[PDB]
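The structure appears below as structure tokens.
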Amino acid sequence: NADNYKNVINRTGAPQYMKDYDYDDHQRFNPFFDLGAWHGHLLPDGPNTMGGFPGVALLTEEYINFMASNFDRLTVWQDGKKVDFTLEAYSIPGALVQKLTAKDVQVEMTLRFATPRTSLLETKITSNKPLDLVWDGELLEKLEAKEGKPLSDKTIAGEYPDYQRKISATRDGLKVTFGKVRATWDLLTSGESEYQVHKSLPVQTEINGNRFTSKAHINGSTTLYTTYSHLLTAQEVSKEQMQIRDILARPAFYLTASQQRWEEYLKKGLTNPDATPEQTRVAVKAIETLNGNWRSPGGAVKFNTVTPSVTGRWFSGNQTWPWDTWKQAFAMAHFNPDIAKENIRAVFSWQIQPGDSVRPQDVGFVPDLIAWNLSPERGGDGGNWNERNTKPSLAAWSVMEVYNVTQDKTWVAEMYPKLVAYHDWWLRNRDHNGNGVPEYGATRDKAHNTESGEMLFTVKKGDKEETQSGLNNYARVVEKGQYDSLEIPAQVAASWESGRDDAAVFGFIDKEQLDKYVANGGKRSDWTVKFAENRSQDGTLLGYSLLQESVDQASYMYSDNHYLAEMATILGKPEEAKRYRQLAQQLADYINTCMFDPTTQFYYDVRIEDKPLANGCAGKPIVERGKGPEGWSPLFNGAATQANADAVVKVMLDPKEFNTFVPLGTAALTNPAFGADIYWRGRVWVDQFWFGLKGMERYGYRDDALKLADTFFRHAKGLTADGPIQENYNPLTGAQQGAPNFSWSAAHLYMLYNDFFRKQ
Ligand SMILES: OC[C@H]1O[C@H](O)[C@H](O)[C@@H](O)[C@H]1O
Ligand SMILES: [Ca+2]
């Protein structure tokens, strides 16, 4: 099956910089990674890379960095003369292949992954006469470029004097050793990491600084085997040696293992017979993308996980977020369920337990960002690890999907208490007014407050910065309004927790947009989101909340309650199931009564006003900040009444609202803060789009949902091309932006393939 999908993504490239970046700082080539390995490979594109797989990409704990352009490139010689080959090179799901053809000699090279640290190259050589073989390689010297043009003349050695890269011959090949570099935002190594090459035949190696040449002589047709291993600790180095020996001992077994695993991914995953060839290839792109972004256990993360992008500036290593994980595992349930399960475990593996040394007041909390290196507060030197906030919860929905496929009740039994702990955490620490409807917010944190628990903030006016603390001073300053801006680190983290950091609904709007809003009759203060601290009975600071209840978050809580009810029933916990059923019903009633505007016939967030409404709602729908994708969150999540869903579907299909060139973007055309190129105020994301389609389907509009899917398929740029998957689309032009090889989009493109794409 794999052979039907050659070059689904362009995996060619010959990088010349460690940071061979695109416009947005992401590695501009798309290397092949598999088995959760910590290195990857590209295809040759021409005579200068022919005979090897260039662009060895190392995952240095939390980042992707290229090591070399050519490394272990084969040239062949027969009687003192170099054999001139022609090249055919291609990817398939699970392998890179290149075929070299000359008259008297042919070579077939197949590169697959054998372990979580090691790839295996088969070099199959056909020749009726003896040959001399030569392998060469060279470490990169130059640091950084953008769009192929250097940003500076900085060198790698120059930038990182302790990196101390050295190539050494071994008893069975060679190795590259690396010094300890703790460059928190660029390059992380242990001082014990290595890149090892082991081969099945004796070789003779000459080393010349950062280049090498290796030689061997063979007597005729022969198949050689070479392992490539990026090993990040002393203990990884030690443990891998017996694996590498087994691989060179049983190479066919490892090749077959990979072939079969990939046939299984494709068999299990490609289950929409109505889909066209083009549509199915999109699903294969998503499968290759997701599987490449999977990482084995590494550092503090003791489970397999999946990151938003192995090639991403800030998304590589094993950096893992919960929001991304829910959708990732939802999709991967349908083709790589074992890793879907692991990914969810990874996220809950650092869930806060009672007695936690940093935040005992956050039991059940799930960190925003986990990674190889713990933060200084937990004993590591990691800059990325984040516990300032979490992300919106579709955890139960994610877990349930894994169950739907596997029917594995032991999986439900495992996750249920962890899901319940997160649930209970939301209700304790993100419910400022105590009404059972959550807010987006932030934790108590060194970045957010003093040691005594006084919320930090910085008032700005012209060029004067005034840094104060305490919720007393914040209220006193908000009223006056004699500031250009008010920076509240805890409110920044609340925007991160919402998952949509410049959204209209959360008060984000540009200067010219606001002027027009005011000229049309509104007030500037309509766009001010107020902020509050959350405390327990005894006065313990639990964290913070936006003084605003979000309709998407409420709907996700409805989801959580609905799916916990089903899990409780599966597990034979009827009384707990009944409680969640009632909580679900309570949220649905609140969402429908409080958040659905009778007048505009659409859903919106509500403010937590100074006093609740007579009907018990926290405040009125925030109609004036305009319509967004949160308005269909109740449909996707199943909270809406039929009447309210019918109304919302009318708006979604309205070409003056959301039925744009690429439909269902992150702000209606009528939104006062709309911008086609703004991430969370116009741009179309595949998750929010798919939530829309599912929401429509649930309330009887599958036919219209299938039409929108067709429109997406015809209008979203690059979909049928061989480019890597990115983050979002301009709703007017269809133009793509964001990180290449983006898991979240791949997840929902896969879902669209399964649920809505079809032959017209
Ligand atoms: O560093 C944490 C940070 O990472 C990325 O920037 C995300 O987009 C934010 O929401 C936040 O999680
Ligand atoms: Ca509340």
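Order of appearance sets the numbers: ligands from 1, and atoms from 1 within every ligand. Just the heavy atoms: all of them, side chains too, but no hydrogens, waters or symmetry mates, feed the values below. Position 1 is the first residue of the sequence, and the numbers go up from there.
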Inset, instruction - Can you see which heavy atom on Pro731 is nearest to which on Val684, and at what distance? - result: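 Looking at all heavy atoms of both residues, the shortest contact is CB-CG2, 3.9 Å.
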Flag the pair [X] and [Y] as a salt bridge only when some basic side-chain nitrogen lies within less than 4.0 angstrom of an acidic carboxylate oxygen.
X	Y	value
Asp510	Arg681	yes
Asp687	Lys694	no
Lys146	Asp24	no
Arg579	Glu576	no
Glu624	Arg607	yes

Inset, instruction - Give every protein N, O or S atom lying under 3.0 Å from the Ca ion (ligand 2), naming each by residue and atom. - result: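 Protein N, O or S atoms closer than 3.0 Å to the Ca ion (ligand 2): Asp431 OD1, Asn433 OD1, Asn435 OD1, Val437 O, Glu439 OE2, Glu549 OE2.
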Inset, instruction - Tell me, please, which residues at least two apart from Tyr556 pass side chain to side chain donor-acceptor pair (under 3.5 Å). - result: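 With neighbours one apart ignored, the set is empty.
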Legend entry - Set of residues that line ligand 1, where lining means a heavy atom lies under 4.0 Å from it: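 Residue list for ligand 1: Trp321, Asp368, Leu369, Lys391, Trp496.
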Legend entry - Reported CZ-to-CG distance for the pair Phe742 and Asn293, which is rounded to 0.5 angstrom: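 Answer for the CZ-CG pair, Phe742 versus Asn293, is 9.5 Å.
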Legend entry - Any residue meeting side chain to side chain contact (heavy atoms under 4.5 Å, CB included) with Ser296, in chain and number order, not counting sequence neighbours: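 Per chain and number, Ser296 pairs via side chain to side chain contact (heavy atoms under 4.5 Å, CB included) with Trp38, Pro116, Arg117, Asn304.
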